[PDB]
Amino acid sequence: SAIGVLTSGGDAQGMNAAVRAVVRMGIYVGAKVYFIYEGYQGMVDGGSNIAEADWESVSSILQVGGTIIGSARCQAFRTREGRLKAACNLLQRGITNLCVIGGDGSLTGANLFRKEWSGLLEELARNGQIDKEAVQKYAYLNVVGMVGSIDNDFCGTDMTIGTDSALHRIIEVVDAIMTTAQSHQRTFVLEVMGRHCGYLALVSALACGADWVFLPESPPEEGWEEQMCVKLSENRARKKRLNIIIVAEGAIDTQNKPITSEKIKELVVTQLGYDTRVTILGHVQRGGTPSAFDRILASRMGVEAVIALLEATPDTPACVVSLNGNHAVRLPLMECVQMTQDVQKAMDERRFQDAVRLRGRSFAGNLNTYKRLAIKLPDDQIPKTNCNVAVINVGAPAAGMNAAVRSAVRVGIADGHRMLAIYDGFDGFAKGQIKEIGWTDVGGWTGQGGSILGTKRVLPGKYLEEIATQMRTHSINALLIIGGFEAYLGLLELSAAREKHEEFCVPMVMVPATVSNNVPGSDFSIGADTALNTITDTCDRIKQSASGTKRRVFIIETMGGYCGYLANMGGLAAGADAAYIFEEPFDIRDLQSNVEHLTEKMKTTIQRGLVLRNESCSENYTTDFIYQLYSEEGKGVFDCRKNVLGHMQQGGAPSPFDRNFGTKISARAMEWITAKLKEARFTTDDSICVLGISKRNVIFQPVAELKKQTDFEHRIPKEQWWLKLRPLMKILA
Amino acid sequence: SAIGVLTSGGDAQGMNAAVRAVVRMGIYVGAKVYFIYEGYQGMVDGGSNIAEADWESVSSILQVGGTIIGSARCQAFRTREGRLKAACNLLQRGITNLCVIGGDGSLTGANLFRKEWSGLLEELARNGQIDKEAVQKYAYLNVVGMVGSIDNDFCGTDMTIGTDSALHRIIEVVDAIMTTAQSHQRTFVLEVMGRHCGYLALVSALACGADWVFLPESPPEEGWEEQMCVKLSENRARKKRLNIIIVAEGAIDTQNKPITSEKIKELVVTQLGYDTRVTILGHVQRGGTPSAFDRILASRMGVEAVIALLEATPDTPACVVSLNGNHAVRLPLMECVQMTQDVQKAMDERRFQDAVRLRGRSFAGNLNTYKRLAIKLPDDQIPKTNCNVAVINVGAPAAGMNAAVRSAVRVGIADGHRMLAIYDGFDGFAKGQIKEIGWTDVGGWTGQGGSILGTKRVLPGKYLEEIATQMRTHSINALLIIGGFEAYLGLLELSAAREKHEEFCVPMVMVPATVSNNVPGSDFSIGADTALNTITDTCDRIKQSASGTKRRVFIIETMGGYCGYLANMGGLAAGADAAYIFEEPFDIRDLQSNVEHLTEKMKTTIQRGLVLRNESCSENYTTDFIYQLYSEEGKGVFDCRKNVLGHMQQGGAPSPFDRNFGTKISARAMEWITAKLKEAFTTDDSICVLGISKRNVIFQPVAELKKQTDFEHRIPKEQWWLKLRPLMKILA
Amino acid sequence: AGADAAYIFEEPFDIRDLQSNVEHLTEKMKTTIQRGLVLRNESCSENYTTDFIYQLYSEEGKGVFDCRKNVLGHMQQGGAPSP
Ligand SMILES: Nc1ncnc2c1ncn2[C@@H]1O[C@H](COP(=O)(O)OP(=O)(O)OP(=O)(O)O)[C@@H](O)[C@H]1O
Ligand SMILES: Nc1ncnc2c1ncn2[C@@H]1O[C@H](COP(=O)(O)OP(=O)(O)OP(=O)(O)O)[C@@H](O)[C@H]1O
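Residues numbered from 1 in each chain as written, not as in the entry; some residues may be left out. Chains lettered and ligands numbered in written order. Part of a larger assembly, values for the part shown. Heavy atoms only, no water.

- Structure determination for this entry, per the PDB record, employed X-ray crystallography and reached 2.80 Å resolution.

- Going by the PDB entry, chain C carries the name ATP-dependent 6-phosphofructokinase, platelet type and comes from Homo sapiens.
- Here the PDB entry title reads "ATP-bound structure of human platelet phosphofructokinase in an R-state, crystal form II".

- The name the PDB entry gives chain A is ATP-dependent 6-phosphofructokinase, platelet type, with Homo sapiens as the organism.
- Under the UniProt heading Function, the entry covering chain A gives this text: "Catalyzes the phosphorylation of D-fructose 6-phosphate to fructose 1,6-bisphosphate by ATP, the first committing step of glycolysis." (UniProt positions renumbered as here; feature names shortened; annotations may be inferred.)

## Some words on the interface of chain C and chain B
Phase 1 of the analysis: Facing the 15 residues of chain C at the interface are 16 residues of chain B.
Phase 2 of the analysis: Around 1500 Å² of area is buried between chain C and chain B when both sides are counted, 43% of it from carbon and sulfur atoms.
Phase 3 of the analysis: With a closest N to O distance of 2.6 Å, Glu633(B) and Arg16(C) form a salt bridge.
Phase 4 of the analysis: Counting across the chain C and chain B interface gives eight residue pairs in polar contact.
Phase 5 of the analysis: When contributions to the side of chain C that touches chain B are tallied by element, the ones reaching two or more residues are α1 (15-28) and α2 (50-60) of chain C.
Phase 6 of the analysis: If you tally residues by element for the side of chain C that touches chain B, the top one is α2(C), at six residues.
Phase 7 of the analysis: Here the side of chain C that touches chain B is built from residues that sort into four nonpolar, five polar and six charged. (Contact = heavy atoms within 4.5 Å. Buried area = accessible area lost by both parts, 1.4 Å probe. Salt bridge = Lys/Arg side-chain N within 4 Å of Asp/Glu carboxyl O. Polar contact = N/O pair within 3.5 Å; in protein donor to acceptor, adjacent residues only side chain to side chain. Helix = DSSP H or I, 4+ residues; strand = E, 2+ residues; numbered from the N terminus. Nonpolar A, V, L, I, M, F, W, Y, C, P; charged D, E, K, R; others polar.)

## A look at the pairing of strand β8 (residues 243-248) of chain B
All names here are of chain B.
Phase 1 of the analysis: Extensive coverage of β8 is indicated by the burial of six of its six residues.
Phase 2 of the analysis: By the alternation rule, side chains of β8 split into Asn 243, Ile 245 and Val 247 and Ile 244, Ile 246 and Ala 248, which are all buried.
Phase 3 of the analysis: Pairing geometry for strand β6 (residues 187-192) and β8, over six bridges, is parallel. If you follow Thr 187 over to β8, its bridge partner there is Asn 243.
Phase 4 of the analysis: As paired elements, strand β7 (residues 212-214) and β8 share three bridges and run parallel to each other. (Buried < 20%, exposed > 50% of the residue type's maximum accessible area, 1.4 Å probe, protein only. Pairing = 2+ DSSP bridges.)

## Comments concerning the sheet that holds strand β17 (residues 552-558) of chain B
All names here are of chain B.
Phase 1 of the analysis: Strand order in this open sheet of four strands is β18-β19-β17-β20, and the pairing throughout is parallel. At either margin of the open sheet sits one strand with a lone partner, and together these are β18 (578-580) and β20 (639-644). Across this sheet, the average inter-strand angle for adjacent strands is 20 degrees, counted without regard to direction.
Phase 2 of the analysis: In this sheet, strand β19 (residues 608-614) lies alongside β18 in parallel orientation, the contact comprising three bridges. Note on β19: the bridge partner recorded for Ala 579 is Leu 612. (Axes fitted to C-alpha atoms, helices over the stretch in contact; angles between N-to-C directions.)

## A few points about the arrangement of the chains
Phase 1 of the analysis: Between all two pairs of chains that are in contact, chains A and B come out with the most contacts.
Phase 2 of the analysis: When C-alpha atoms are compared, chain A and chain C, though not in contact, are closest at a spacing of 19 Å.

## A short note on the interface of chain A and chain B
Phase 1 of the analysis: Taken together, the contacts link 56 residues of chain A with 55 residues of chain B.
Phase 2 of the analysis: Roughly 4500 Å² is buried in total at the junction of chain A and chain B, and carbon and sulfur atoms are behind 51% of that figure.
Phase 3 of the analysis: Together, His184(A), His283(A) and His647(A) form the three largest contributors to the area buried by chain A at its contact with chain B, with a combined 13%.
Phase 4 of the analysis: Across the contact surface, chain A and chain B share two salt bridges.
Phase 5 of the analysis: Our enumeration of links across chain A and chain B arrives at 25 residue pairs in polar contact.
Phase 6 of the analysis: A breakdown of the residues in the side of chain A that touches chain B according to their chemical character gives 15 nonpolar, 30 polar and eleven charged.

## A short note on the site of ligand 2
Residue and element names in this part refer to chain B.
Phase 1 of the analysis: Within the structure, ligand 2 sits among 17 residues, and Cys 74, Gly 103, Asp 104, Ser 106 and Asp 153 are positioned closest to it.
Phase 2 of the analysis: In the model, an oxygen atom of ligand 2 is placed 3.0 Å from a nitrogen or oxygen of the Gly 103 main chain.
Phase 3 of the analysis: The leading source of residues in the shell around ligand 2 is helix α4 (residues 104-116), at five residues.
Phase 4 of the analysis: Looking at the shell around ligand 2 residue by residue, the classes come out as five nonpolar, seven polar and five charged. (Near = heavy atom within 4 Å.)

## Things to note about the sheet that holds strand β12 (residues 388-394) of chain B
Residue and element names in this part refer to chain B.
Phase 1 of the analysis: Taken together, seven strands build an open sheet; the order of strands is β14-β13-β12-β15-β16-β21-β22 and the sheet is mixed. Where the open sheet ends on each side, the last strands, each with one partner, are β14 (434-437) and β22 (696-701). Going across the sheet, the axis of each strand differs from the next one's by a mean of 25 degrees, ignoring polarity.
Phase 2 of the analysis: With three bridges connecting them, strand β16 (residues 508-512) and strand β21 (residues 687-693) associate as parallel partners. Paired with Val 509 across the two strands is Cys 688, which belongs to β21.
Phase 3 of the analysis: Strands in contact with helix α18 (residues 485-497) are β12, β15 (476-483), β16 and β21; relative to β16, the strand with the most contacts, it is inclined by about 165 degrees.

## Points about the packing of aromatic side chains
Phase 1 of the analysis: Under the counting rule described, the total for this entry stands at 45 aromatic pairs over all chains.
Phase 2 of the analysis: For the pair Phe113(A) and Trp117(A), a centre-to-centre distance of 5.7 Å together with 70 degrees between the ring planes defines the contact as edge-to-face. Residues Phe113(A) and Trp117(A) agree in their burial class; the two are buried.
Phase 3 of the analysis: Measuring from centroid to centroid gives 5.7 Å for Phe293(B) and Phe657(B), while their planes differ by 35 degrees, and the two rings are tilted. With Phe293(B) in helix α11 (residues 292-311) and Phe657(B) in helix α23 (residues 656-678), this residue pair connects regions lying 364 residues apart in the sequence.
Phase 4 of the analysis: Taking the relative accessible area as the measure of exposure, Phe293(B) reaches 24% and is therefore partly exposed.
Phase 5 of the analysis: Note on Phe657(B): relative accessible area 26%, which makes it partly exposed.
Phase 6 of the analysis: Here the aromatic cluster, defined as three or more aromatic residues joined through ring pairs, consists of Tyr580(B), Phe586(B), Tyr621(B), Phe625(B), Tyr7(C), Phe13(C), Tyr48(C) and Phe52(C). (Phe/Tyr/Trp six-rings, centres within 6.5 Å; stacked < 30°, edge-to-face > 60°.)

What follows is the structure, encoded as structure tokens:
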């Protein structure tokens, strides 16, 4: 059949990429796809608001905020008179497959429209349409929705398209403003979006280590005014030169009265006398460019949406398309709309703990983790073990390392250990560059790129005797490594050295940090998102500059070593025409065929090309080799330029996703450490682990069990979850 | 011989680099430098608020907003009681050389303090001072000021440290917001800083082609409410999908009553019914990273400040350090403070045209240009010549090109020409890809990267006959080329072809656009700032890497061809340890020396290194050669990595400086064209480059530039920035 | 072959050593034997390659002499074995 796609409601960054994926996948599968402009308003007006879409019509859209086809509150669609016209215009062009990208209400109205769709019986009773067309274009209206929203508002979905982007906007402002708050001191109250949902405010507060945060779901609890001011004064006594307070638009006390940012300014000015400013971030949070995450999320969903449409039968209920635990799923639409309204109900009825449950387990996670790192119980009240736990960074620098260290340390001190910081990886370890570290020592770290402790790729196998000596000297009871494949190898070497050295017979756990994302036992690694955004950032600027002539193709080398994750996913996000990687062999025939494709592409109006090459994807087919092939076989048609991105892809500042990934998983790692230490008063495979992300949830996997899942020769995992996405790039280009 | 440096007042991006330049230059010249924390508050409290600074204490500061040593409104310093303590604490450590980095008032209070400094006679009359210390630490207080402020507030100075950066912040928001104003037809009123000075609001409005702007210096004039709404409705009739109104905090009508953003929202909502939002940008404008311009400006000034201090004698009055016409100068501080208050006085007394003069010639320029491009007189009222004037882009794409075309076109239509757009450089010219272009056709262009008309390096010499034919066919009366060295060569070829072809006997002028900044006759070129900012960003990240690993040195190749501008100035802004360029020959001895310096640097705590190499700086000493040298000689101490940036370092959307440079100089070029047409075949002086030479913009005949040009390496012979080479070595 | 230098792995050389041979050959060019011959074992140094040395000599010889480089290659296995 035919597929109509529209964007309705508040706009979110990534709507454009969704539309693109729906048009491209629809055409690829041989459907016809129409744009419906201006949300449901276009559907009501009909005429030229419905226009068939070709391949070319959704190029240059990917990297652009908002929607190229428009959203619109449409009142007429709230009336049967309006919905009648809508059905009429859809039948007028044979569209009974509908893809609505929008928010909580947009989706609510789509659900209603499916149910009423045998309002073609009404159009029959008038001059609307022929008798048999009530049967052909039957009561079978096939509806699939995608949630576009910065709020992480909807209940079916783990993530909504636009949240990551908006969070980039929020943290861009927060990082910017920090520098003016140090100089001056100054306490800054910032007002973020979330009239009804606090997700954005919470994940912002986490990503900037904010000093306090206000959510509608979890009100402050009586006697917070004193309790907040006590914390702020403690900060000035710690010589912290600023405070950041994050406040959701719809913040509230435990009796549903608003807590406004101006009310917080007056409390701080009144009680503490500090110099204080309010910033109302506003519609910037809907602006800017889609982050890599939102582009890849939206892309995966557009594709799944179109699949869900075609697989649908008149029996299958309308669904919403979502990524839950990094897997595409269809959820019944009616039930999803219902559960979201329940959350609002719980709040209205002062059942706040309910409102938090109803938001989900991950929402409670962010919240709870935030508290642990934001508030410290006075030393008196944290009793606890006389255990020394060490934190270290191993491998190349990776954005998020500092956030992870901050989390581990604070969680460990909260758990009542003494925390030791080991400097310069195993280098420093061997040279006993070890010093105790405290709560304040890691203040300010969340948003710092690189590694403050310092990192080195050097492995510990040659320095076992020296390293063991330091563990003895410093009475190190356990170890937390934050790092890449080198860290993994470090654990295996220390595991084997246990027999020769008792000092290693302690619990050791690692959390993965590397721009490459090549650590076995985790689908993701701290810092890869930052590099994906850097690559995406870079391609955007490349398309921006030299618009006019075109007939140019850019070959761009990416990091990763043998791991193709960056090349592949950055290729998706940047809408690359090809991404060459080690994990999928290619021969000269493959290259010549892409070249011939791009040569035909240059006959269309999209006279540009973008080709990524993983840095170690082929010993013979180098970046130069491919540049030379493409240059030569393009001679009449196009030319090329090459860029080796290089070390910039480690990041300036870590992206929000890498900060919160670092923060959260490092905390989960320390919990595990303290639990292992509690069991004494002691060494097998299960006390040395990688803690990574596997599909739905985080799990501690013994290094012994990962050897068989590892390619040691190329330093990547054997099965890698993202290889199932390879068909997408070809389709979506 | 000791120097105190402090930051006072609103913080500005680039203060850190200034402090860095003052500490590094001070030490380089063998002075001792003390930090004074928290602006004048630190000076009042004394004690540990004053602390000596070493080399290492100002590393990693360059690339960071605000001030590492703090600013602080300090009321106490507004009182004699407070100023008495301050002097006491300065004498307590022997500091009578003072460098105050701050704003309007900060410098006002420094001036006052110098004058009152024989308030040591008061301290004597109490137990403050020994008698002879009133004489040793004499009435000789040596004060030098630098203006750190986003406001371009001060009168002595052409640019204040922080304006460019704040303008990046403003335009980052504006460009961000543009994509959400898509959906529907939202009108955005944005409230920028400028409580008394409108500069920031004006230059923002210019850089985003704003639909209206409110300045305290130039109030709207009565009956603007209708006149504004007429303009906004005209836009919706032109199908423009948004309006952007820029409003200075201290905006005012002609009777000094405030014009608030909420008042503008209500007018637009009330009169036109459009969906409308207000954004109060706020302290974001002081945040973020110092732009390349501010880092280099601050750096140049810190160095000159310290020089001005040491050259000072008890005779020489306190001065403020400034870059005027791209040259360091000292201006008397007292007189500079006085003139700035005069501006405020002119406004308070409703002499607004005076307030604009007093701000300076460049302020009038931005303003007047903005009007010409924002408001169009109805076709009826612009009469004018039946001249067709063509606009073209020649050379590699350069950020700003689109802004320049927008400006030329609109200024030409305002001047009443018919404007012709020539597509794909001389390629399209030869193939007659020529079409008339209008006011609305260039709407939205200011912030667009690349070239919408299209650009090609191809020269016209082989297609003279075809090109001439198109000039005849389309009755082209004059030509404006926006482009790089290729455009310059294009003018020379056409100049020579005049005898063979009458069609070229018309006025032709070029404005320079290239990332390289290698066009003879101009100290700057449209697009170089955009690239500098990209390199700076990139180098910052690279050092961040190098600092994580430790004992690492990066060798990084940069663009420019034989032109060392980007390598050199990006090196300054990134705090590079070295920048190798064509224009300064270096031998193996020079390389070995930098290696030895970095080897000693690795004994300090800043165990990182950053080395830039211009891409065509030496045929033998390649990027690999240098990487191999450093790697081998560093074997016990450090390692290296190399990155070849590649032409992506040009960046994307033009930076605010390149948008306004494009806009302004292209308008000045059209003025010249219409004036030449009005005087009516021709001579050397009707073919020109319009570039920036030191103080002012000048039209220089291409014939006169041949002798100033290196045609073999396509760079100018004398290049102004080579005098900055000592800085990088010093400030590293 | 009466070479002016032969760089080999078994005797480490640094940049000072190279610069000194270059200066020697530069003075040699003031005599009547205005030629020079430098051999480099193929794996004598990871950083100081054949190109590196060619580039050093070329640059520091600019007023005095120029260079050419030849990588002999597999011909050295021989045509026919020598007696
Ligand atoms: N109950 C409904 N019945 C019919 N149409 C509806 C209904 N609710 C919403 N719509 C249509 O959906 C459009 C978008 O809804 P809304 O304004 O709620 O956007 P949204 O992004 O879903 O916002 P939110 O996330 O706050 O609910 C409306 O303009 C209206 O045309
Ligand atoms: N008239 C004055 N006499 C003494 N000190 C002054 C005076 N004006 C300002 N200062 C000093 O400078 C500080 C305030 O500077 P101000 O608030 O004017 O900031 P500025 O950045 O220098 O100027 P601008 O307000 O234009 O950005 C005060 O705390 C005071 O210490």
